[PDB]
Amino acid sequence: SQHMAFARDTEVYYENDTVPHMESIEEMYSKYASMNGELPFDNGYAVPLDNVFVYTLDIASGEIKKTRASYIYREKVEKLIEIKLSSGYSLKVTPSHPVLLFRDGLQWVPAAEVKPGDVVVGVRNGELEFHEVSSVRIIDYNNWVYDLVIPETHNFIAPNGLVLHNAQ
């Protein structure tokens, strides 16, 4: 099992107490490590979070809800999968990481099984949004990979709407 999933430049959205923030997951980790400290955890390090919340998607009902984030994790990884969207945006995640696609309806699919032509799923203005994949490949990454752990539902919604799953 793994507790890290996302490249360091993955943008996140969250609220601390009531105050919204958008920044990269490495920027978030640095901010809260300074504030809260780091705990050795698994094969890397974790920063505990107090009063931090995200938006999350229930894929069965389509309901968007608010739920807490428990901690941010990081560990170094050699190789990631880069899923590039026709927009030029790229999702860079570990190869087994579940990615939300629309195939036979909404389905979580391991990143390395995502194909050009698949549609990655996000939600915006309450509605599902579909983004065609332009290319996939393994990349040499060799750096910190992160997760923002969401215990209730195991996903958080990024600023661009993509529904990002926690590491497994």
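Numbers follow the displayed sequence, beginning with 1.
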Entry B factor averaged over C-alpha atoms, 100-108 against 25-33: higher for 100-108
Of 147-155 and 9-17, the stretch with the higher mean C-alpha B-factor in the deposited entry is 9-17
According to the Cα B-factor stored in this entry, which of the following is highest: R68, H131, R137, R124?
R124
Quick check for you: using the entry's CA B-factors within this chain, is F41 in the lowest, middle or highest third?
highest
Please place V114 in the lowest, middle or highest third of its chain according to the CA B-factor in the PDB entry.
middle
Relative to the other modelled residues in the chain, which third contains the C-alpha temperature factor of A60: lowest, middle or highest?
highest
Name the third of the chain's ranked CA B-factors that contains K84, choosing lowest, middle or highest.
middle
Place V163 in the lowest, middle or highest third of its chain's C-alpha B-factors, as listed in the PDB entry.
lowest
